[PDB]
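Q: Chains as they are written, first to last, in this note's numbering: chain X, 50 to 171; chain H, 445 to 565; chain D, 50 to 171; chain E, 50 to 171; chain S, 303 to 314; chain P, 303 to 314; chain U, 303 to 314; chain Z, 303 to 314.
Backbone N, C-alpha and C fix where the C-beta goes; we use that ideal spot for every residue, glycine too.
Laid out in structure tokens, this is it:
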């Protein structure tokens, strides 16, 4: 079993609601806060559908563009990471948040960070 | 006119063959080298379909998992960046390449870099 | 009080032995493993010696080049982050590890990660 | 010969005025704009003083805390990269700019980018 | 709410 | 002047 | 060929 | 020992 499909939570208060297809596709909804239509966004990505069997994690990545019918932050985040199975399963990521800028302001276009996702709210 | 749909090239010898959908979707194929079936991979991502009109670039991102019918590197790259229009149009990105590792080796799981894509090689 | 001078521990088995000078200097020794001179390296960096008083952390950074009298990995790591005070004091960092490469191999020169340092070992 | 000591320029308008010591030390002044005392800052770092002979670059890194006698941005940048010798010598870097934040705002504390330094002005 | 969602809400 | 130095100047 | 594609090939 | 230190040692 891939173990990826389902609801995941991070420490920022966000929810990652994902389906992992047999073909390597990640699809679903990313919620930046709960109980607000204005905070729901489309995500799309890819994962390794035939990972190694040597104890290594499963490589994956996805993108959210921060535009919906209510809001547009002129920005996108990509998360790159790996799924780690077990009784305390996790998706460990690093991420890049780029905002649209002028060329003179491009030095301040991109934030970097890390987030761990869990199956129980932290 | 988003300006994104088409063939783009980077300095590593890769080709980014992308379609920008009306609803914000990026789909297409990523080639790590030319003229090899074994070097072609699915990509998927998202872009801002209603960017600012003040001279700012268009935010976007996409992912490739490095598995196809011939190869599997147990790895995925994400590119995060912006499209910049005009006569010398570019997509400027920074990227994260993560490989599957054990927990003890996770410190060495993720490469970081940058690539500019151009409409001419 | 700056709160930075002393011995700090990460989760990788490393120890950060630092002195914070009144002028903004960070100096000391970084140990990639305990108990062996071959694992001890010079570090040098800088910190904000007059941080804000509005609940914000203290910005800092340092470098280790991975060469000593025993070893040379032809590589250097920089840590960029902030010191957060109190009873559970932390230095929270992101890092870049660059290795010398040929121009053809430069795309694979730089690893990225994160480390949290504590005054008590995990 | 290390080739690093001297004046280097980036495309943001900054000047990297560096001395590479025999013991692996980098020292000097970083200017964020030319002709202004308020734009001059201390830097410190480290470099590999015995690089490989196979055509690989020289690993190095340095830090600037953005505080001087006139300004304090409560921030620090680290540059991690490699010196590449030749007729068109350069220092190629990736960098992390961390600002002091409150704990709830840590997710937005760190900008990431890249800069190439040249021996001739852009 | 939270800091990240507030940043997005502020951008509008 | 330039964008990066302007950012630093704005913090005082 | 190129370095990045060679790295992918080496992983099989 | 540990993974990171082992990597450093292997470079000689």
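Alpha carbons only, please: which of X:82, X:51, X:78 is nearest the one belonging to residue 170 of chain X?
A: Here residue 170 of chain X is taken as the residue at index 121 of the first chain, counted from 1. Of the candidates X:82, X:51, X:78, the one whose C-alpha sits nearest the C-alpha of residue 170 of chain X is X:82.
Q: By Cβ distance below 7 Å, which residues in the same chain neighbour residue 160 of chain D in space, the five residues on each side in sequence not counted?
A: Within the third chain, the letter at position 111 stands for residue 160 of chain D. So the qualifying residues of the chain are 146.
Q: Where do the N-terminal and C-terminal ends of the alpha helix (DSSP H) with residue 520 of chain H fall, by residue?
A: The count along the second chain starts at 1 and reaches residue 520 of chain H at position 76. Segment 516 to 528 is the beta strand (DSSP E) holding residue 520 of chain H; no alpha helix (DSSP H) there.
Q: Distance check for residue 120 of chain D and residue 313 of chain Z, CA to CA, integer angstroms please.
A: Residue mapping note: residue 313 of chain Z aligns to position 11 of the eighth chain, counting from 1. Residue mapping note: residue 120 of chain D aligns to position 71 of the third chain, counting from 1. Going from the Cα of residue 313 of chain Z to the Cα of residue 120 of chain D covers about 8 Å.
Q: Since residue 126 of chain E and residue 129 of chain D should fall inside the 8 Å C-beta cutoff, what is the C-beta to C-beta distance between them, to a whole number of angstroms?
A: For this step, residue 126 of chain E is matched to residue 77 along the fourth chain. For this step, residue 129 of chain D is matched to residue 80 along the third chain. Yes, they are in contact, since the Cβ atoms of residue 126 of chain E and residue 129 of chain D sit about 7 Å apart, within 8 Å.
Q: Going along the chain, which residues of its own chain have a beta-carbon closer than 6 Å to the beta-carbon of residue 483 of chain H, five neighbours each way excluded?
A: Numbered from its first residue, the second chain carries residue 483 of chain H at position 39. Contacts found: 475, 476, 477.
Q: For residue 85 of chain E, count neighbouring Cβ atoms within 10 angstroms of its own Cβ and tell me buried if that reaches 16, exposed if not.
A: Residue mapping note: residue 85 of chain E aligns to position 36 of the fourth chain, counting from 1. Exposed, since its Cβ has fewer than 16 Cβ neighbours within 10 Å.
Q: So residue 157 of chain X contacts chain P; which residues on that side make the cut at Cβ distance below 9 Å?
A: In the first chain, the residue the question calls residue 157 of chain X occupies position 108. Ordered by position in chain P, the residues that pass the 9 Å Cβ test against residue 157 of chain X are 305, 306, 309.
Q: Examine chain P for any beta-carbon lying closer than 7 Å to the beta-carbon of residue 121 of chain X, and answer yes or no.
A: For the purposes of this step, residue 121 of chain X is identified with residue 72 of the first chain, where counting begins at 1. For residue 121 of chain X, the answer is no, since every Cβ of chain P falls outside 7 Å of its Cβ.
Q: Taking residue 82 of chain X as the query, report the chain S residues whose CB atoms sit under 7 Å from its CB, ordered along the chain.
A: Taking the first residue of the first chain as 1, we reach residue 82 of chain X at position 33. Ordered by position in chain S, the residues that pass the 7 Å Cβ test against residue 82 of chain X are 303, 304, 307.
Q: Roughly how many angstroms separate the alpha carbons of residue 77 of chain D and residue 115 of chain X, rounded to a whole number?
A: In the third chain, residue 77 of chain D corresponds to position 28, counting from 1. In the first chain, residue 115 of chain X corresponds to position 66, counting from 1. Going from the Cα of residue 77 of chain D to the Cα of residue 115 of chain X covers about 43 Å.
Q: With a threshold of 16 other CB atoms inside 10 Å of the CB of residue 455 of chain H, please say whether the residue is buried or exposed.
A: For the purposes of this step, residue 455 of chain H is identified with residue 11 of the second chain, where counting begins at 1. Residue 455 of chain H comes out exposed.
Q: By the criterion of Cβ-Cβ separation under 9 Å, what are the contact partners of residue 113 of chain E in chain X?
A: Start at 1 with the first residue of the fourth chain, and residue 113 of chain E comes out as number 64. Those within 9 Å of residue 113 of chain E in chain X number zero; the least Cβ separation is about 14 Å.
Q: If distances are taken between C-alpha atoms only, which option among E:158, E:156, E:163 comes closest to residue 140 of chain E?
A: To locate residue 140 of chain E, count along the fourth chain from 1; it is residue 91. That would be E:163, whose Cα lies nearest to the Cα of residue 140 of chain E.
Q: Which chain D residues are close to residue 161 of chain X, counting only those with a beta carbon under 7 Å from its beta carbon?
A: On the first chain, residue 161 of chain X is found 112 positions in, with the first residue counted as 1. Result: 143.
Q: Helix, strand or coil for residue 152 of chain E per DSSP?
A: Position 103 of the fourth chain holds residue 152 of chain E. The answer is helix: DSSP assigns residue 152 of chain E an H, G or I state.
Q: Quick one: is residue 498 of chain H buried, meaning 16 or more other Cβ sit within 10 Å of its Cβ, or exposed?
A: Taking the first residue of the second chain as position 1, residue 498 of chain H is located at position 54. So residue 498 of chain H ends up on the exposed side.
Q: So the beta strand (DSSP E) residue 313 of chain P belongs to, where does it begin and stop?
A: Walking along the sixth chain from the start, residue 313 of chain P turns up at place 11. Unbroken run through residue 313 of chain P is the alpha helix (DSSP H), 305 to 313; no beta strand (DSSP E).
Q: Considering just the uninterrupted stretch of the beta strand (DSSP E) at residue 69 of chain X, what are its terminal residues?
A: For this step, residue 69 of chain X is matched to residue 20 along the first chain. Note, residue 69 of chain X: beta strand (DSSP E), 64 to 69.
Q: Is it buried or exposed, residue 303 of chain U, if we count other Cβ atoms within 10 angstroms and call 16 or more buried?
A: To locate residue 303 of chain U, count along the seventh chain from 1; it is residue 1. It is exposed - the Cβ of residue 303 of chain U has fewer than 16 other Cβ atoms within 10 Å.
Q: So, at 6 Å on beta carbons, what are the nonlocal neighbours of residue 97 of chain E in its own chain, with the 5 sequence-adjacent residues on each side left out?
A: Within the fourth chain, the letter at position 48 stands for residue 97 of chain E. Here the set comprises 107, 108.
Q: Would you grab the beta carbon distance between residue 53 of chain E and residue 71 of chain E for me? Rounded to a whole angstrom, and I think it's under 8 Å.
A: Looking up residue 53 of chain E in the fourth chain gives position 4. Looking up residue 71 of chain E in the fourth chain gives position 22. So it is not a contact: roughly 12 Å between Cβ atoms.
Q: For the beta strand (DSSP E) that contains residue 164 of chain D, what are its first and last residues?
A: Taking the third chain and counting its residues from 1, one reaches residue 164 of chain D at position 115. First-last of the beta strand (DSSP E) with residue 164 of chain D: 159 to 167.
Q: For residue 170 of chain D, report the span of its beta strand (DSSP E) as first-last.
A: For the purposes of this step, residue 170 of chain D is taken as the residue at position 121 of the third chain. Taken as a continuous stretch (DSSP letters only), residue 170 of chain D belongs to no beta strand (DSSP E), as it is neither H nor E.
Q: Pull up the DSSP beta-bridge partners for residue 55 of chain D, would you.
A: Walking along the third chain from the start, residue 55 of chain D turns up at place 6. DSSP, once it has assigned bridges, lists D:67 as partnering residue 55 of chain D.
Q: Within the 7 Å Cβ cut-off, does residue 92 of chain E reach chain P?
A: The residue given as residue 92 of chain E occupies position 43 in the fourth chain. Not closer than 7 Å to any Cβ of chain P, the Cβ of residue 92 of chain E fails to qualify, so no.
Q: Tell me whether residue 101 of chain E sits in a helix, a strand or coil according to DSSP, three-state version.
A: Along the fourth chain, one-based indexing puts residue 101 of chain E at 52. Reduced to three states, the DSSP call for residue 101 of chain E is coil.
Q: Whose C-alpha, out of E:148, E:93, E:142, is nearest the C-alpha of residue 101 of chain D?
A: In the third chain, residue 101 of chain D corresponds to position 52, counting from 1. Ranking E:148, E:93, E:142 by Cα distance to residue 101 of chain D puts E:148 first.
Q: Does chain P have any CB closer than 7 Å to the CB of residue 61 of chain E?
A: One-based indexing of the fourth chain puts residue 61 of chain E at position 12. True, the Cβ-Cβ gap to chain P drops below 7 Å.
Q: Just checking: is the beta-carbon of residue 108 of chain D within a distance shorter than 7 Å of some beta-carbon in chain E?
A: Taking the first residue of the third chain as position 1, residue 108 of chain D is located at position 59. Taking Cβ atoms only, chain E reaches closer than 7 Å to residue 108 of chain D, which makes this a yes.
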